[PDB]
Amino acid sequence: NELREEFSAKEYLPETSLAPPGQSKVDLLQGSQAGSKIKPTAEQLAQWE
Amino acid sequence: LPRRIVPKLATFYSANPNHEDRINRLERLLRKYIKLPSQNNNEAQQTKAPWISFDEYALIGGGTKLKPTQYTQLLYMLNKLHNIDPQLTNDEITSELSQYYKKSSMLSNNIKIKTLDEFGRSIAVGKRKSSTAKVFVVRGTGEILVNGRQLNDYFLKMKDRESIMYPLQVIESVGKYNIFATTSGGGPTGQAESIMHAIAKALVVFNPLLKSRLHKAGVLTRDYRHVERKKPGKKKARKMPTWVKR
Amino acid sequence: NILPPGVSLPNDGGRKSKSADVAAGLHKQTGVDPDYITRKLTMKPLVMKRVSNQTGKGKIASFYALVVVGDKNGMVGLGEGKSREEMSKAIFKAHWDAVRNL
Amino acid sequence: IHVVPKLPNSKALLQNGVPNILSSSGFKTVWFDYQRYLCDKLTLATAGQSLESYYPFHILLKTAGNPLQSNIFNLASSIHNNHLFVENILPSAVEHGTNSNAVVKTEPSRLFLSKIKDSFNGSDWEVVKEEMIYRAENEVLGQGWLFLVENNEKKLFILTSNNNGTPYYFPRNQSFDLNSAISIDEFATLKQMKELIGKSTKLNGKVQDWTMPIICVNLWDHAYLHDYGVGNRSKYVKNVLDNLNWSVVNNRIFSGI
Amino acid sequence: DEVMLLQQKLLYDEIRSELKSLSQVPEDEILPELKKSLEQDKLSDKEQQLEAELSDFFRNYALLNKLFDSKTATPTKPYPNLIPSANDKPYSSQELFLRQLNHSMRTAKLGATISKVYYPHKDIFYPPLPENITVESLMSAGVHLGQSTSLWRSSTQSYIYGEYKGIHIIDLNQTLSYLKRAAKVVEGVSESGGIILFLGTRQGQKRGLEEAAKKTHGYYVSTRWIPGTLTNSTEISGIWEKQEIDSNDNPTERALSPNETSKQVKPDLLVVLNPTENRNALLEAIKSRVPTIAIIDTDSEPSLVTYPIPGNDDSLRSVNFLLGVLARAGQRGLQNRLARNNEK
Amino acid sequence: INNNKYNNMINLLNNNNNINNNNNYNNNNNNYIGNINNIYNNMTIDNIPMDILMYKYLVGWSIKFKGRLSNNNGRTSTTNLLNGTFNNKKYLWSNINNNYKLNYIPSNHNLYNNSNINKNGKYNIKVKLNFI
Amino acid sequence: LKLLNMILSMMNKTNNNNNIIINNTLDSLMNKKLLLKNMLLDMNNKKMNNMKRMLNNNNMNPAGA
RNA sequence: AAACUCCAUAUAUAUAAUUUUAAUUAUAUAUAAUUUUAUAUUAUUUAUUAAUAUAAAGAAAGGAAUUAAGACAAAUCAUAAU
Ligand SMILES: [Mg+2]
Ligand SMILES: [Mg+2]
Ligand SMILES: [Mg+2]
Ligand SMILES: [Mg+2]
Ligand SMILES: [Mg+2]
Ligand SMILES: [Mg+2]
Ligand SMILES: [Mg+2]
Ligand SMILES: [Mg+2]
Ligand SMILES: [Mg+2]
């Protein structure tokens, strides 16, 4: 109910109406896991080092 | 009530009025806010503004008369206004720099990161000269097969075997992978070198952060060298018949 | 029709006086009015001749025309023009210059 | 040319000196004289030099490093500190003499009191005044200045300058009289200051510091000698803080907005 | 109120770490243990109601919503994006800077006000009216220092007061007379509503030109003069667009026919600060019938310019001082015109 | 034209009458975005085709009269009349690329020559035209 | 049921990998005010990918841009 | 002139019931580079810069066609035509 009421205070995009705590009213992103990618498992890091 | 025709820009009689007025507007902003010092140590809030290319600026600024010095001064002044700690900037600076930011971002897709297949083997295809080679690399012991035959039977020259093994040697993993080469086309060296290139490509799937080591080793670059066509009026390409002075 | 923007449909040009073209052009560049040039100015050439310069290609012939323009009321101008295409163009440039040099 | 600033309600001050602080004659001794003297000496010092285009605060900052340019620094520091003192004791900055709105009264701001609570050991303002007078008497033998400053750390200290030493620059505070014997800890602090200035790599041998002041009380004998005779300096300062113009003071506190 | 924001600023990052951690957690390990729990984990409470409400919440906020939307005042707080430091934490660099400004506006002024001192910027922003120009003011500006004797052009013999220390000294009574004449020629043209062009190409003059042009609603060229700008206008300046303005110098926001744009606009007055280098500009003006004003040194030819102003041309202070007087006169003319057309 | 079509895609897919949603669009392989009507809204036969037609205007043309035309001492003469420009400006700025007809003729160029016989011999009139 | 088992597990592992036994930790409502927010924005990112992929798949325009 | 162009190169999509097989291929469309970034050592109009090296991001390195105006009264009346 309170989440719905918070959305009632806005009549715009889902991201803008969401009001994330870290601001970022627009969260445009291209691709999947562009920055995080896949974490190098332990043996890969050890081999690289 | 009387009306008369006058130019837009105060620089209408200058060489390049458009660029001059844009720089004038930027200079007014830069001198109205001579305070608000620059950013601290960089690498945290820099190298994020793409600005605008020479061509993209010309269509809105100097155009044909756009000068290299004019562009350098423009970007220099844009950088100076960008280099203000964000928690003191105001809407005027940001609003004026919005135009020069431009929607430089371009959507990207179709990456298709390579992954191990159902049997845990990496499949890659290299090439050289007239050759091709599809290689299945799966972890194990240092066993290799070319077209179903042994390495020594297929490749008499030991240099071809050394080239094939180099990728597995750049990274010290010579005795940890099983190679199943299926080269076709060209002669022995082209086949061997296409196998080596395919092996280097296949090893990346196993440890993606080993790409640079291979790239610096030069095994990840494709050898574009190939036979050049026999030119019409002369002998075998780049050779001519004897030329007689008299 | 496929007339592109910024261009005008051609009309009578053979019977359109070159004086009108000179008057329109001069008004475009300078502030002179066209009506005075067309009406109260008189054209009469003075020196028409073929002038030749030779280059590596060969002799290059140019038409040199010198004309005067006046109102028979106090103003007179002198103008010379050169052209290789034809002598009518040379007279056009001379008429242009002379009206400029009143 | 440096000219003495025009003070508000100047007729009132000329007729009688700041009430509860100095008599007409005394005020004429500090302001309206010895201030024109200060300005004239400074102008004669910097006339025809690039320093004559700057204000006393800026010249004293520029001069701190130079050893043998100290006369100008000394002159400028005196001028700046003196006007600070006059402003913070001015009966009313607003020119309401014609309006006769004597109802105006000045009280400390709640933020200012909160800052006192944070500083020292959370003592009351009256205790601060008492101990401030205490130190003024005990570690300023000749003339000097009494400062309640604020540092970058957001903590008020009391600077006992023994001369025209601006709080702005701790290398030039002149807080310890070396002519008399000095304690071990004070000498240790002095050596630490030696090291801190030595650390600076700037060609002019300068060091960052903010420490801008909030309260100024003149300790030069140009102020109390006449009104408070001699040895009564403690009573002079006591009455000075009693009727201190608070509006300017609490404004000197960074409002944070 | 601040309690919500004081909990590690942006809290709930632990859930983000956890969902990131399970992103790499294979599904084959946890799916078996939870797929069969559905048939036995209903337990008590209104399961039908909560599932239906969640489905409606999903439909109306994740599946049926305007993701892309459509198509796409009062400076209450300066530095609106500042992040104030904590009460216990000390000042930050930015709060220190604002505190510096707070002290700077008034406290730094404490001491002795300055008088009888020359501030260069005041020669552009606060120029004096021609009527109250004194010979001493010109001499302080340095307009009296001509070029060396070895460079003298004899055509300017009447303008020079003598030679001192190897340079010719310009008479300043004459400079003042010519300057006032030129100044109110500019004022008259500005009141008439003409176009005033300010030309100067020496280094460091741009600030004066720009300021003068904006005060007089005129135009300036700090870049190099382009040959043919006036005689070959259609070819040079024919590509840049103009506007129609009313008696109040307010644009009419009306489109212009191609013939109107292609016409030529001719300055009604040209002011040149270095007539020795911009000779072609002077010759274009003389040929195109445009009155000109120029600063004439002991090296320039006074007969090229309609309204000479004998003075030094190689010093920024002198040209700025002269140009400031001219700009102020033009500004006064503009104000008079605006007053007249606002009220007759 | 491209922007108009792209906006039509975004508007159509964002709303689609607010009925079709994920798991219903068949995002695996199907690409049916919506009704054909909105795909080409305000994109019809009366605005699109004429303004995308190429080789409309003749900007440059040259004629060459080579032969024994002039009755000079007996030599030959060539007269050339080059008017306009002979390069297409919409091929190096935009993204369309020029195609070389028969691998040796720029598409924008239409050229031909015809011969004949006069009292003196044979002459040739060579005409080359550029159509932007 | 609309699954909701994954909901229970994520609440169970909310404090996992940081500390097994922790109290509410001054949360809004046992960590639900901004949890649905994160789920919603993740789903929005999925739909953003859906938008781009379908746009690319159906993209066809005349050349000469 | 350069660029667009073609052979070749890297990648994406589509087609092929993998008995016309080779899919390690064929050929249609598109993208890519006349590479970018950073650092330093240089001479300089002072980074409002060039070459020297380094680094890291890249698959990225070639060939073909096109040979202007004029001159050689160069060759061709045996390609053909007058
Ligand atoms: Mg060969
Ligand atoms: Mg001079
Ligand atoms: Mg096969
Ligand atoms: Mg070429
Ligand atoms: Mg040739
Ligand atoms: Mg030659
Ligand atoms: Mg022969
Ligand atoms: Mg024969
Ligand atoms: Mg024959």
# chains A, B, ... in the order shown; residues from 1 in each chain; ligands from 1
call {"tool": "residues_around", "arguments": {"residues": "residue 48 of chain A", "least_positions_apart": "3", "cutoff": "9 Å", "atoms": "only C-alpha atoms (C1' of nucleotides)", "output": "list in words"}}
result
residues 43, 44 and 45 of chain A; 171, 207, 209 and 210 of chain B
call {"tool": "write_last_selection", "arguments": {"atoms": "N, CA and C atoms", "output": "PDB file, in the first residue's frame"}}
result
ATOM      1  N   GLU A  43      41.362 -19.655  -9.634  1.00  0.00           N
ATOM      2  CA  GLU A  43      42.478 -20.239 -10.368  1.00  0.00           C
ATOM      3  C   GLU A  43      42.893 -19.372 -11.549  1.00  0.00           C
ATOM      4  N   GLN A  44      41.948 -18.666 -12.171  1.00  0.00           N
ATOM      5  CA  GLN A  44      42.309 -17.783 -13.277  1.00  0.00           C
ATOM      6  C   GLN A  44      43.183 -16.635 -12.794  1.00  0.00           C
ATOM      7  N   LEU A  45      42.809 -16.013 -11.674  1.00  0.00           N
ATOM      8  CA  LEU A  45      43.637 -14.954 -11.111  1.00  0.00           C
ATOM      9  C   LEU A  45      45.012 -15.479 -10.730  1.00  0.00           C
TER      10      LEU A  45
ATOM     11  N   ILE B 171      51.700 -19.084 -22.536  1.00  0.00           N
ATOM     12  CA  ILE B 171      51.160 -19.318 -21.216  1.00  0.00           C
ATOM     13  C   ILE B 171      51.721 -20.679 -20.878  1.00  0.00           C
ATOM     14  N   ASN B 207      40.545 -18.762 -19.902  1.00  0.00           N
ATOM     15  CA  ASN B 207      41.031 -17.771 -18.944  1.00  0.00           C
ATOM     16  C   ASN B 207      41.050 -16.415 -19.633  1.00  0.00           C
ATOM     17  N   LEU B 209      41.268 -13.343 -18.994  1.00  0.00           N
ATOM     18  CA  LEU B 209      42.251 -12.320 -18.672  1.00  0.00           C
ATOM     19  C   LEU B 209      43.672 -12.733 -19.038  1.00  0.00           C
ATOM     20  N   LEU B 210      43.824 -13.717 -19.920  1.00  0.00           N
ATOM     21  CA  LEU B 210      45.106 -14.040 -20.526  1.00  0.00           C
ATOM     22  C   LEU B 210      45.189 -13.564 -21.968  1.00  0.00           C
TER      23      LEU B 210
END
call {"tool": "residues_near_ligand", "arguments": {"ligand": "ligand 6", "cutoff": "9 Å", "atoms": "only C-alpha atoms (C1' of nucleotides) and all ligand atoms", "output": "list in words"}}
result
residues 56 of chain C; 70 and 71 of chain H
call {"tool": "residues_near_ligand", "arguments": {"ligand": "ligand 3", "cutoff": "7 Å", "atoms": "only C-alpha atoms (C1' of nucleotides) and all ligand atoms", "output": "list in words"}}
result
residues 18, 21, 22 and 23 of chain H
call {"tool": "atom_distance", "arguments": {"atom1": "atom CA of residue 288 of chain E", "atom2": "atom CA of residue 201 of chain E"}}
result
21.1 Å
call {"tool": "residues_near_ligand", "arguments": {"ligand": "ligand 7", "cutoff": "10 Å", "atoms": "only C-alpha atoms (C1' of nucleotides) and all ligand atoms", "output": "PyMOL selection string"}}
result
chain H and resi 73-75
call {"tool": "interface_residues", "arguments": {"of": "chain C", "to": "chain H", "cutoff": "12 Å", "atoms": "only C-alpha atoms (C1' of nucleotides)", "output": "list in words"}}
result
residues 55, 56, 57 and 58 of chain C
call {"tool": "residues_around", "arguments": {"residues": "residue 60 of chain G", "least_positions_apart": "4", "cutoff": "10 Å", "atoms": "only C-alpha atoms (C1' of nucleotides)", "output": "number ranges by chain"}}
result
F: 2, 5-6; G: 55-56
call {"tool": "residues_near_ligand", "arguments": {"ligand": "ligand 9", "cutoff": "12 Å", "atoms": "only C-alpha atoms (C1' of nucleotides) and all ligand atoms", "output": "list in words"}}
result
residues 77, 78, 79, 80, 81 and 82 of chain H
call {"tool": "residues_around", "arguments": {"residues": "segment 224-228 of chain D", "least_positions_apart": "4", "cutoff": "7 Å", "atoms": "only C-alpha atoms (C1' of nucleotides)", "output": "list in words"}}
result
residues 22, 23, 26, 232, 233 and 236 of chain D
call {"tool": "residues_near_ligand", "arguments": {"ligand": "ligand 2", "cutoff": "8 Å", "atoms": "only C-alpha atoms (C1' of nucleotides) and all ligand atoms", "output": "mmCIF file with N, CA, C and O atoms, in the first residue's frame"}}
result
data_model
loop_
_atom_site.group_PDB
_atom_site.id
_atom_site.type_symbol
_atom_site.label_atom_id
_atom_site.label_comp_id
_atom_site.auth_asym_id
_atom_site.auth_seq_id
_atom_site.Cartn_x
_atom_site.Cartn_y
_atom_site.Cartn_z
ATOM 1 N N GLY E 146 54.378 59.334 -28.997
ATOM 2 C CA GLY E 146 54.418 58.957 -30.391
ATOM 3 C C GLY E 146 55.590 58.051 -30.706
ATOM 4 O O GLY E 146 56.423 57.738 -29.858
ATOM 5 N N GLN E 147 55.649 57.626 -31.961
ATOM 6 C CA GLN E 147 56.727 56.756 -32.395
ATOM 7 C C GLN E 147 58.035 57.533 -32.472
ATOM 8 O O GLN E 147 58.063 58.766 -32.471
ATOM 9 N N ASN E 274 44.218 50.319 -35.045
ATOM 10 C CA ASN E 274 45.552 50.189 -35.629
ATOM 11 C C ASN E 274 45.451 50.432 -37.126
ATOM 12 O O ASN E 274 45.522 49.496 -37.930
ATOM 13 N N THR E 276 47.527 51.534 -39.159
ATOM 14 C CA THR E 276 48.736 51.248 -39.922
ATOM 15 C C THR E 276 48.720 49.835 -40.482
ATOM 16 O O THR E 276 49.277 49.591 -41.557
ATOM 17 N N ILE E 296 45.541 58.011 -34.751
ATOM 18 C CA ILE E 296 46.643 58.353 -35.637
ATOM 19 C C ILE E 296 47.867 58.631 -34.782
ATOM 20 O O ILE E 296 47.855 59.534 -33.940
ATOM 21 N N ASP E 297 48.919 57.855 -34.993
ATOM 22 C CA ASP E 297 50.184 58.069 -34.311
ATOM 23 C C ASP E 297 51.057 58.982 -35.166
ATOM 24 O O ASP E 297 50.598 59.573 -36.146
ATOM 25 N N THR E 298 52.331 59.107 -34.806
ATOM 26 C CA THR E 298 53.295 59.826 -35.627
ATOM 27 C C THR E 298 53.819 58.987 -36.776
ATOM 28 O O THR E 298 54.836 59.344 -37.378
ATOM 29 N N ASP E 299 53.153 57.875 -37.084
ATOM 30 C CA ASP E 299 53.524 57.014 -38.191
ATOM 31 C C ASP E 299 52.407 56.835 -39.204
ATOM 32 O O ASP E 299 52.655 56.271 -40.276
ATOM 33 N N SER E 300 51.197 57.290 -38.904
ATOM 34 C CA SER E 300 50.028 57.042 -39.730
ATOM 35 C C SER E 300 49.723 58.241 -40.617
ATOM 36 O O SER E 300 50.224 59.347 -40.411
ATOM 37 N N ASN E 312 48.564 57.784 -29.086
ATOM 38 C CA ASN E 312 49.324 56.544 -29.101
ATOM 39 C C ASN E 312 48.416 55.374 -29.445
ATOM 40 O O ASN E 312 47.277 55.294 -28.979
ATOM 41 N N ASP E 313 48.929 54.458 -30.263
ATOM 42 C CA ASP E 313 48.178 53.290 -30.688
ATOM 43 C C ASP E 313 48.812 51.975 -30.269
ATOM 44 O O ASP E 313 48.184 50.926 -30.447
ATOM 45 N N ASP E 314 50.024 51.994 -29.723
ATOM 46 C CA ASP E 314 50.753 50.781 -29.388
ATOM 47 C C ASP E 314 50.584 50.360 -27.937
ATOM 48 O O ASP E 314 51.194 49.370 -27.521
#
call {"tool": "atom_distance", "arguments": {"atom1": "atom CA of residue 148 of chain D", "atom2": "atom CA of residue 256 of chain D"}}
result
18.9 Å
call {"tool": "residues_around", "arguments": {"residues": "residue 32 of chain F", "least_positions_apart": "3", "cutoff": "12 Å", "atoms": "only C-alpha atoms (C1' of nucleotides)", "output": "PyMOL selection string"}}
result
(chain F and resi 9+12-13+16+20+24-29+35-36+39) or (chain G and resi 54-55+57-58)
call {"tool": "residues_near_ligand", "arguments": {"ligand": "ligand 1", "cutoff": "12 Å", "atoms": "only C-alpha atoms (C1' of nucleotides) and all ligand atoms", "output": "PyMOL selection string"}}
result
chain B and resi 226-231+235-239
call {"tool": "residues_around", "arguments": {"residues": "residue 48 of chain B", "least_positions_apart": "3", "cutoff": "12 Å", "atoms": "only C-alpha atoms (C1' of nucleotides)", "output": "ChimeraX atom specification"}}
result
/B:42-45,51,79,82-83,101,104-105
call {"tool": "write_last_selection", "arguments": {"atoms": "N, CA, C and O atoms", "output": "compact mmCIF listing (two decimals), in the first residue's frame"}}
result
# COMPACT_ATOMS: atom_id res chain seq x y z
N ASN B 42 43.15 13.49 -10.60
CA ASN B 42 42.26 13.01 -11.65
C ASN B 42 42.09 11.50 -11.54
O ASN B 42 42.49 10.88 -10.55
N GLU B 43 41.48 10.89 -12.55
CA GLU B 43 41.18 9.46 -12.63
C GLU B 43 39.94 9.11 -11.81
O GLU B 43 39.70 7.92 -11.56
N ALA B 44 39.16 10.10 -11.39
CA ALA B 44 37.92 9.86 -10.66
C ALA B 44 36.72 10.55 -11.30
O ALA B 44 35.62 10.00 -11.28
N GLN B 45 36.91 11.75 -11.85
CA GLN B 45 35.83 12.50 -12.48
C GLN B 45 36.30 13.13 -13.78
O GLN B 45 35.89 14.24 -14.14
N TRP B 51 32.95 15.28 -25.59
CA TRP B 51 32.92 16.54 -26.35
C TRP B 51 32.39 16.20 -27.75
O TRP B 51 31.49 15.35 -27.88
N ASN B 79 37.00 22.00 -21.51
CA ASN B 79 37.63 21.22 -20.45
C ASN B 79 37.78 22.04 -19.18
O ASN B 79 37.54 21.54 -18.08
N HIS B 82 34.52 22.10 -17.59
CA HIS B 82 34.21 20.78 -17.07
C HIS B 82 34.96 20.51 -15.77
O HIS B 82 34.42 19.89 -14.85
N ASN B 83 36.20 20.98 -15.68
CA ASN B 83 37.04 20.73 -14.51
C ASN B 83 36.69 21.69 -13.38
O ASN B 83 37.50 22.50 -12.93
N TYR B 101 28.32 18.41 -25.23
CA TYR B 101 28.38 16.99 -24.90
C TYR B 101 27.93 16.15 -26.09
O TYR B 101 28.62 15.21 -26.51
N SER B 104 26.80 11.52 -27.93
CA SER B 104 27.90 10.74 -28.49
C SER B 104 27.79 9.26 -28.18
O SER B 104 28.53 8.47 -28.78
N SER B 105 26.89 8.85 -27.29
CA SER B 105 26.74 7.44 -26.96
C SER B 105 26.04 6.71 -28.09
O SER B 105 25.01 7.17 -28.60
call {"tool": "interface_residues", "arguments": {"of": "chain H", "to": "chain B", "cutoff": "9 Å", "atoms": "only C-alpha atoms (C1' of nucleotides)", "output": "PDB file with C-alpha atoms (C1' of nucleotides), in the first residue's frame"}}
result
ATOM      1  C1'   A H   8      41.462  -9.705 -49.746  1.00  0.00           C
ATOM      2  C1'   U H   9      40.598  -9.227 -44.031  1.00  0.00           C
ATOM      3  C1'   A H  10      37.578  -9.448 -38.774  1.00  0.00           C
ATOM      4  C1'   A H  12      26.999  -9.929 -37.038  1.00  0.00           C
ATOM      5  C1'   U H  24      37.004 -25.566 -41.819  1.00  0.00           C
ATOM      6  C1'   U H  48      46.582  26.663 -28.087  1.00  0.00           C
ATOM      7  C1'   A H  56      47.207  -0.926 -23.626  1.00  0.00           C
ATOM      8  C1'   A H  59      42.067  -9.139 -36.261  1.00  0.00           C
ATOM      9  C1'   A H  60      43.518  -4.790 -38.617  1.00  0.00           C
ATOM     10  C1'   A H  61      48.751  -5.413 -42.652  1.00  0.00           C
ATOM     11  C1'   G H  62      48.200  -5.430 -48.326  1.00  0.00           C
ATOM     12  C1'   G H  63      47.174  -5.495 -53.752  1.00  0.00           C
ATOM     13  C1'   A H  64      43.985  -3.921 -58.334  1.00  0.00           C
TER      14        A H  64
END
call {"tool": "interface_residues", "arguments": {"of": "chain F", "to": "chain H", "cutoff": "8 Å", "atoms": "only C-alpha atoms (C1' of nucleotides)", "output": "mmCIF file with N, CA, C and O atoms, in the first residue's frame"}}
result
data_model
loop_
_atom_site.group_PDB
_atom_site.id
_atom_site.type_symbol
_atom_site.label_atom_id
_atom_site.label_comp_id
_atom_site.auth_asym_id
_atom_site.auth_seq_id
_atom_site.Cartn_x
_atom_site.Cartn_y
_atom_site.Cartn_z
ATOM 1 N N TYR F 91 27.847 11.368 -51.945
ATOM 2 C CA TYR F 91 28.450 10.054 -51.805
ATOM 3 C C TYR F 91 29.596 10.031 -50.807
ATOM 4 O O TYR F 91 29.905 8.961 -50.273
ATOM 5 N N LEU F 92 30.228 11.172 -50.540
ATOM 6 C CA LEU F 92 31.365 11.224 -49.634
ATOM 7 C C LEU F 92 31.022 11.820 -48.278
ATOM 8 O O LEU F 92 31.848 11.747 -47.362
ATOM 9 N N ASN F 97 27.345 4.694 -50.865
ATOM 10 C CA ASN F 97 28.620 4.528 -51.541
ATOM 11 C C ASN F 97 28.396 4.455 -53.043
ATOM 12 O O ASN F 97 27.442 3.829 -53.512
ATOM 13 N N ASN F 98 29.281 5.103 -53.786
ATOM 14 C CA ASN F 98 29.172 5.125 -55.235
ATOM 15 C C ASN F 98 29.475 3.749 -55.813
ATOM 16 O O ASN F 98 30.330 3.019 -55.309
ATOM 17 N N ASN F 99 28.769 3.398 -56.881
ATOM 18 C CA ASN F 99 29.003 2.158 -57.603
ATOM 19 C C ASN F 99 29.503 2.485 -58.999
ATOM 20 O O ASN F 99 28.981 3.386 -59.660
ATOM 21 N N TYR F 100 30.512 1.751 -59.443
ATOM 22 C CA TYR F 100 31.174 2.019 -60.711
ATOM 23 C C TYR F 100 30.578 1.101 -61.768
ATOM 24 O O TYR F 100 30.781 -0.115 -61.729
ATOM 25 N N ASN F 103 32.480 -1.464 -63.803
ATOM 26 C CA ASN F 103 33.758 -1.367 -63.103
ATOM 27 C C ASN F 103 34.681 -0.304 -63.682
ATOM 28 O O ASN F 103 35.901 -0.434 -63.586
ATOM 29 N N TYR F 104 34.123 0.745 -64.275
ATOM 30 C CA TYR F 104 34.972 1.826 -64.769
ATOM 31 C C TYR F 104 34.227 3.141 -65.004
ATOM 32 O O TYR F 104 34.829 4.127 -65.424
ATOM 33 N N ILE F 117 30.305 12.261 -90.837
ATOM 34 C CA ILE F 117 31.218 12.602 -91.920
ATOM 35 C C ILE F 117 30.803 13.941 -92.506
ATOM 36 O O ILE F 117 29.643 14.125 -92.885
ATOM 37 N N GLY F 121 36.112 14.998 -93.656
ATOM 38 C CA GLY F 121 36.422 13.690 -93.119
ATOM 39 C C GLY F 121 35.465 13.252 -92.033
ATOM 40 O O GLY F 121 34.247 13.331 -92.210
ATOM 41 N N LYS F 122 36.002 12.792 -90.908
ATOM 42 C CA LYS F 122 35.210 12.282 -89.798
ATOM 43 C C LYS F 122 35.456 13.123 -88.556
ATOM 44 O O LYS F 122 36.596 13.482 -88.256
#
call {"tool": "residues_around", "arguments": {"residues": "segment 1-3 of chain A", "least_positions_apart": "5", "cutoff": "9 Å", "atoms": "only C-alpha atoms (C1' of nucleotides)", "output": "PDB file with N, CA, C and O atoms, in the first residue's frame"}}
result
ATOM      1  N   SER A   8       1.988   6.861  -6.482  1.00  0.00           N
ATOM      2  CA  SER A   8       0.914   7.801  -6.784  1.00  0.00           C
ATOM      3  C   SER A   8       1.424   9.234  -6.836  1.00  0.00           C
ATOM      4  O   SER A   8       0.857  10.072  -7.548  1.00  0.00           O
TER       5      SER A   8
ATOM      6  N   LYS G  33      11.076  -2.028   1.710  1.00  0.00           N
ATOM      7  CA  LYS G  33      10.737  -0.768   1.056  1.00  0.00           C
ATOM      8  C   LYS G  33      11.521  -0.585  -0.238  1.00  0.00           C
ATOM      9  O   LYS G  33      10.962  -0.150  -1.251  1.00  0.00           O
ATOM     10  N   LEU G  36      11.821  -4.465  -3.303  1.00  0.00           N
ATOM     11  CA  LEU G  36      10.983  -4.492  -4.494  1.00  0.00           C
ATOM     12  C   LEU G  36      11.438  -3.450  -5.505  1.00  0.00           C
ATOM     13  O   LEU G  36      11.282  -3.646  -6.715  1.00  0.00           O
TER      14      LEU G  36
END
call {"tool": "interface_residues", "arguments": {"of": "chain F", "to": "chain G", "cutoff": "6 Å", "atoms": "only C-alpha atoms", "output": "ChimeraX atom specification"}}
result
/F:2,94-96
call {"tool": "write_last_selection", "arguments": {"atoms": "N, CA and C atoms", "output": "short mmCIF file (atom, residue, chain, number, x, y, z; two decimals), in the first residue's frame"}}
result
data_model
loop_
_atom_site.label_atom_id
_atom_site.label_comp_id
_atom_site.auth_asym_id
_atom_site.auth_seq_id
_atom_site.Cartn_x
_atom_site.Cartn_y
_atom_site.Cartn_z
N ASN F 2 14.31 8.20 -41.64
CA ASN F 2 14.75 7.19 -40.69
C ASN F 2 14.28 7.52 -39.28
N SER F 94 27.45 11.49 -46.86
CA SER F 94 26.49 10.55 -46.31
C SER F 94 27.12 9.16 -46.24
N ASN F 95 26.30 8.14 -46.02
CA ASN F 95 26.78 6.77 -45.91
C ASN F 95 26.55 5.94 -47.17
N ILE F 96 25.81 6.45 -48.16
CA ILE F 96 25.71 5.73 -49.42
C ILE F 96 27.06 5.76 -50.12
#
call {"tool": "atom_distance", "arguments": {"atom1": "atom CA of residue 4 of chain E", "atom2": "atom CA of residue 89 of chain B"}}
result
26.9 Å
call {"tool": "interface_residues", "arguments": {"of": "chain C", "to": "chain E", "cutoff": "9 Å", "atoms": "only C-alpha atoms", "output": "CSV table (one decimal) with N, CA and C atoms, in the first residue's frame"}}
result
chain,number,residue,atom,x,y,z
C,6,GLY,N,15.3,27.2,-53.5
C,6,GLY,CA,16.3,28.3,-53.7
C,6,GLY,C,16.6,28.6,-55.1
C,27,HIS,N,22.6,46.2,-57.0
C,27,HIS,CA,21.8,46.4,-55.8
C,27,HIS,C,22.0,45.3,-54.8
C,28,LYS,N,22.2,44.1,-55.2
C,28,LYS,CA,22.5,43.0,-54.3
C,28,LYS,C,23.8,43.3,-53.5
C,29,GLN,N,24.8,43.7,-54.2
C,29,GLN,CA,26.1,43.9,-53.5
C,29,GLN,C,26.2,45.3,-52.9
C,30,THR,N,26.0,46.3,-53.7
C,30,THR,CA,26.0,47.7,-53.2
C,30,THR,C,24.6,48.1,-53.0
C,31,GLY,N,24.4,49.3,-52.5
C,31,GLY,CA,23.1,49.9,-52.1
C,31,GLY,C,22.4,50.6,-53.2
